Amino acid sequence: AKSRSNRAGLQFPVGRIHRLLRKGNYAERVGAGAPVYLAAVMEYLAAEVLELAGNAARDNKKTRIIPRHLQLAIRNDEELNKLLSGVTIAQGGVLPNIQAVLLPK
Amino acid sequence: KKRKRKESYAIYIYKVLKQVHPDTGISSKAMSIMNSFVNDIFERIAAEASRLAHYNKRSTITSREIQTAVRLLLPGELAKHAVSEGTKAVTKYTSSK
Amino acid sequence: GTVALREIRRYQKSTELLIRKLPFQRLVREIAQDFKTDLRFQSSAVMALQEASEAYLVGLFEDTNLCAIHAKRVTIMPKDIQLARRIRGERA
Amino acid sequence: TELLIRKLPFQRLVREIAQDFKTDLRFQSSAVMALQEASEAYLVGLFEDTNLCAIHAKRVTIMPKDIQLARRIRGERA
Amino acid sequence: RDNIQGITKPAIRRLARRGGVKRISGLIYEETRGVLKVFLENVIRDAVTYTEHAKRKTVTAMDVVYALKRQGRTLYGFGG
Amino acid sequence: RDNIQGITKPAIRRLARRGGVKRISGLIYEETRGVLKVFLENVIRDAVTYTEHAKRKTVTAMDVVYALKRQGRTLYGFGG
DNA sequence: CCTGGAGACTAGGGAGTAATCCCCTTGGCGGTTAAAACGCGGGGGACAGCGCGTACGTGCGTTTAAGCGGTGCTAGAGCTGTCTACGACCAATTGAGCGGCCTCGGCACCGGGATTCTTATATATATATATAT
DNA sequence: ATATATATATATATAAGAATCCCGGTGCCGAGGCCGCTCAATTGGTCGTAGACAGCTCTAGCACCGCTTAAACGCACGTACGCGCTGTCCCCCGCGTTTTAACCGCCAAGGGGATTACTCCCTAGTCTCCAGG
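Residues numbered from 1 in each chain as written, not as in the entry; some residues may be left out. Chains lettered and ligands numbered in written order. Heavy atoms only, no water. Residues with missing side-chain atoms left out of burial classes, pairs and counts.

This entry lists cryo-EM as its structure determination method and reports a resolution of 6.3 Å.

Below is the structure:
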């Protein structure tokens, strides 16, 4: 009658998340509240990532998100750079900064 | 004849983008890059929950293992936000149940 | 000096691959034939290897510049890269 | 193989830090021993990297900028 | 009761002798205490998380081993 | 054919500009080549090892993803 | 004087042999074009060295608490039993997402005017030097 | 010592060579919306083992005091060590030139992810003989 993503109101597939959890060789029994928790947490994290990427795109006056926007969004955010420390973003780079001793006088 | 049914998180996060920035599109290769991001965090914290269930010698993973994985791996406010929305995600999952 | 400073600000905002893809493909095939010959390759694998190597080299050059600044210099030497790889743990 | 940090001030410091998170936490002596061993083995490598940076800075006296470079290359700062 | 000064100056000096340092400046000790403070704010908090997930208030060494292997610091000793 | 000379020193200088380097010495390129050959004999050997138990001589990008995550290098890109 | 155990014949299920659908690469061939190698000048930064402040190294006097050890108190970790309840699983249903095809506008691309940048140089001004009573 | 006159050096505009953006027009290809349908989600009974809870226990953690002795702090002098600085020279940067290899394009052929005509090996149903109860 009602799908669990519609029932919980989350945008993420609770059924697909639970299906990956059951075949993921983590536990012989997987609870019902855990995929809802996982879907809500990943939904908010993806919403934060898309929000910062949209802010970076509006800074670059583009309505299409490029990985340079994600590169400038993750690394500028402190907790995103701290969590995604070893993450390398494809088609990106570094934050544009100039060292003080390399500056012209 | 199509090749295969490749399942992805394209339309869900596309709806997330449309409810965050309705007038902003996204390139598909950046979409697959952050799909790899989402699946990587899934495989990180699901293994974290499995390890925490192994530490309790428990063969069943509840939402409490996911709570411990969130408050261990996520630093700063992204921990305590994701806990706070994660409890109320359960309650609306158990309201009309 | 200033002309050398001009491309410093230019390549910090560009996300294009500085290494030409065909010599990189030749080098990947030359390395891979040493392990096991007659290896078919996808182009996406070569592109992922090229972007990972370029990002790792950019980070290592950032650490090299940090070591050169720490030694009160603006010119880099290989001992900066040696110290960066030793602190990074990449030194075997 | 001896420990240059005394056990009782270190245990006082550990319980002082743990009181900030959760009040009334009982502690094993083995937990304090493992924390002291891990912290000492971590700081010995920190002093080795600091000495390597000071040698790279052509000095025999260590400086805070050596630790600043060593932890930045190590990536311990967020 | 503050106990960050319990890590006394000859203790850090002897550890720097173990660390292979000939001369130690006078202001190294404050940054050493700060880095040890950061490390012990991380590991002890992770151990509190491991203990509260185990429904205990008694902090064990095995939770310390869990917190150390979570951060990639593999140790061979007590706990197992 | 030796293709280690295909990494031209203008490209290494451009990587240094992207890496933020003011002055580049002439002998930086030799150790740069020595570093990148080690980096391309670690990950490539790991990818061949991942492909070998897949029973193929066709190298896929997912083997490169597995090789990169084996060594801790997290890449969000080609291969998924 | 009569029914059931057992060897032989045969229908059905299933996985190995080899060919195939077609798809992705792929060396090879030919035109193009722009990035690299090379070299000349020069310039500015790494380096040597010499002196100069100076700051931990050591050592002894004074303090001091770490730790051993013994005793007592006790908080909860863990074991045992007992109920229970929620997911695992099987079978039927059913609609959501994936693929494919059209389509249309967001952004790549050229380009000249406006915008800085920079950088040697013109010019106003501070100062060292020469002469004499 | 001071008045008069000259010339060298220095700071700031400054104007012209040089690189950058951006508004203006053009396209094109990759987002982004509709059909077909499929496969994975949903719903439902059952049961069975994971888990929560009551109670004991015992076992390690906590506290506290004698004592004593290694450990810590602080003053004193110094001597080796960090640091400015002045030549220097040499190695790397700025720019013109060849060339050469990267890029683009195509094709024919072959390996291969997956699928399929065919085919022999394993398994169970059925028929008739003889041997027993």
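A closer look at the overall build of chain D
This is how it is decided: Going along the chain from the N terminus, every DSSP run of H or I of four or more residues is numbered as a helix, and every run of E of two or more is numbered as a strand. Summary of the burial criterion: residues with accessible area below 20% of their type's maximum are buried, those above 50% are exposed, and those between are partly exposed, where the area comes from a 1.4 Å probe applied to protein chains only. It only takes one pair of heavy atoms within 4.5 Å for two residues to be counted as in contact.
Helix and strand counts for chain D come out as 3 helices and 1 strand. For chain D, the sequential pattern of α-helices and β-strands runs α-β-α-α. Oriented by its inertia axes, the alpha-carbon framework of chain D measures out at about 50 × 30 × 15 Å. Split into buried and exposed, the 78 residues of chain D put 55% on the buried side. The long-range fraction of contacts in chain D, counting pairs at least 24 apart against all pairs at least 6 apart in sequence, stands at 41%.

Focus: the interface of chain A and chain C
Test applied: The quantity reported as buried area is the accessible area (1.4 Å probe) lost by two parts once they are put together, taken as the sum for both. Take a side-chain nitrogen of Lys or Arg and a carboxyl oxygen of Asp or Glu: if they are within 4 Å of each other, that pair is a salt bridge. Polar contact is defined as a pair of N or O atoms within 3.5 Å, subject to the rule that within protein one atom must be able to donate a hydrogen and the other to accept it, and that residues adjacent in sequence are counted only when both atoms are side-chain atoms.
With 13 residues of chain A at the interface, the matching set in chain C holds 13 residues. Of the roughly 1200 Å² buried between chain A and chain C on both sides combined, carbon and sulfur atoms contribute 61%. The interface formed by chain A and chain C holds 0 salt bridges in total. Here chain A and chain C share 3 residue pairs in polar contact between them.

Details of the packing of aromatic side chains
Rules: For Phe, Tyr and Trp, where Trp contributes only its six-membered ring, two rings pair if their centres lie within 6.5 Å, and the inter-plane angle classes them as stacked under 30 degrees, edge-to-face over 60, or tilted in between.
Following the criterion strictly, the structure yields 9 aromatic pairs over all chains and no others. Here the aromatic rings of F37(B) and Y76(F) are separated by 5.8 Å at their centres, their planes lie at 65°, and the arrangement is edge-to-face. Of this pair, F37(B) sits in helix α2 (residues 28-55) while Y76(F) sits in strand β2 (residues 74-76), which puts the two residues in different chains. The pair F37(B) / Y76(F) is uniform in exposure class, with both members buried. Among the aromatic side chains, those forming a connected cluster through ring pairs are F12(A), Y9(B) and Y12(B).

Looking at the environment of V58(C)
Here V58(C) is to be found in helix α3 (residues 43-70). When near neighbours in sequence (up to four residues on either side) are disregarded, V58(C) contacts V94(A), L15(F), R18(F) and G19(F).

So, the interface of chain C and chain F
With 53 residues of chain C at the interface, the matching set in chain F holds 46 residues. If you sort the residues of chain C by the area they bury against chain F, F35(C), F61(C) and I76(C) come out on top, with a joint share of 13%. On the surface where chain C and chain F come into contact, there are 4 salt bridges. Between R18(F) and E16(C) there is a salt bridge, with its nearest N and O atoms 3.9 Å apart. Where chain C touches chain F, the interface holds 14 residue pairs in polar contact.

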